[PDB]
Structures are given as structure tokens and as C-alpha cells.
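As a plain string of letters, each chain reads:
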Amino acid sequence: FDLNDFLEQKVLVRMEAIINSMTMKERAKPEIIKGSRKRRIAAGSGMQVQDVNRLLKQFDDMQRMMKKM
RNA sequence: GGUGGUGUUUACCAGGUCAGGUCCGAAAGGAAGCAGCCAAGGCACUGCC
């Protein structure tokens, strides 16, 4: 379950904008989205790092389950 | 090296365009711009000079 699937799932429209700002490598192996990338991803999706961190946290939640069922 | 070709590679770090999103604006409309793409660079093979 990579960020590519979690994408299929201005309310959420912005939660998309964020991913539509990532790169294939990022959307495929999130454990590489440190500071620098974030600062890119945020300003890229007109958001803010905190926003990204939010979505990042969301993915994890929606992720762990897959790895537990 | 120059200038071509082909394969490969490259998140941001004053190239271009810009979905999506953001920004300013009562509006009309402006602005910056991620991914993508183009271009460009790198690693090689290669033609020519």
C-alpha cells in the first residue's frame, strides 16, 4: 500500500494537491520525505509543512492497518 | 574538447511550461509555482571535426 493507492481515496481536494506535488520515488517509499522534501512538497501544493506532516501521518494510519489485516 | 547519435540516469538549489493546489483581487483578472513534461546535466557507447 504505497501513496499511489492512498491517493485514489477544497476538503480533500487539498489532500490530493499535496501528493500531486510528490515524485514517483516519494509516493512509492515515503520513508524518504525528510525536511528538505517537505519544504518542497508543501510550497508545491500551496500548503505548509505542518499540512504535509498531517497527510503524512494520515497515510501511516491508513497504512499500518493494511500491514495488520 | 566541439558537434551529432543511442542507451541510462537526475526531488528542491536564479532553464521553459505548468495539471493539480496556493496567493492577491469585490470583480475583471493578476502572481509565484510542485509533480509531469521539455530542455539541460551526469555515466557510458558511438559518427564526424
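What counts, and at which threshold
- Residues numbered from 1 in each chain as written, not as in the entry; some residues may be left out.
- Chains lettered and ligands numbered in written order.
- Heavy atoms only, no water.
- Residues with missing side-chain atoms left out of burial classes, pairs and counts.
- Helix = DSSP H or I, 4+ residues; strand = E, 2+ residues; numbered from the N terminus.
- Rg over C-alpha atoms; globule rule 2.2 N^0.38 Å.
- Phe/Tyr/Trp six-rings, centres within 6.5 Å; stacked < 30°, edge-to-face > 60°.
- Axes fitted to C-alpha atoms, helices over the stretch in contact; angles between N-to-C directions.
- Parallel < 35°, antiparallel > 145°, perpendicular 65-115°, else oblique.
- Contact = heavy atoms within 4.5 Å.
- Nonpolar A, V, L, I, M, F, W, Y, C, P; charged D, E, K, R; others polar.
- Salt bridge = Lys/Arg side-chain N within 4 Å of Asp/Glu carboxyl O.

## Section: the overall build of chain A
The number of helices and strands found in chain A is 5 helices and 0 strands. For chain A, the N- to C-terminal ordering of α and β elements is α-α-α-α-α. In summary, chain A has a C-alpha radius of gyration of 11 Å against a globular reference of 11 Å for 69 residues, a match within 12%. Overall, chain A is about 35 × 25 × 20 Å in size when its C-alpha atoms are taken along their principal axes.

## A word on the packing of aromatic side chains
When the centroid spacing of 6.1 Å and the interplanar angle of 80° are considered together, the rings of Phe1 and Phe6 count as edge-to-face. Residues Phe6 and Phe59 carry aromatic rings whose centres are separated by 6.1 Å and whose planes lie at 75° to one another, so their mutual orientation is edge-to-face. Taken together, the aromatic side chains of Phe1, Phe6 and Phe59 make up a single cluster linked through ring pairs.

## Describing the packing of helix 4 (residues 35–44) against helix 5 (residues 49–64)
Packing of helix 4 against helix 5 leaves a shortest axis separation of 8 Å and a crossing angle of 105°. In terms of their interaxial angle, helix 4 and helix 5 are classed as roughly perpendicular. Here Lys38, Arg39, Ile41 and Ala42 of helix 4 come into contact with helix 5, specifically with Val49, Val52, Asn53 and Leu56. Tallied by class, the residues present in the contact of helix 4 with helix 5 amount to 5 nonpolar, 1 polar and 2 charged.

## Some thoughts on the pattern of salt bridges
Across the salt bridge formed by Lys57 and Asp61, the nearest N and O atoms sit 2.7 Å from each other. Residue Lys57 and its partner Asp61 are located together in helix 5, separated by 4 residues, close to a single helical turn. Across the pair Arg64 and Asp60 runs a salt bridge whose closest N-O atoms are separated by 2.7 Å. Of this pair, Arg64 and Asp60 both sit in helix 5, 4 residues apart, which is roughly one turn of the helix. Here the salt bridges do not stand alone but share partners, grouping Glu26, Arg37 and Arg40 into one network.

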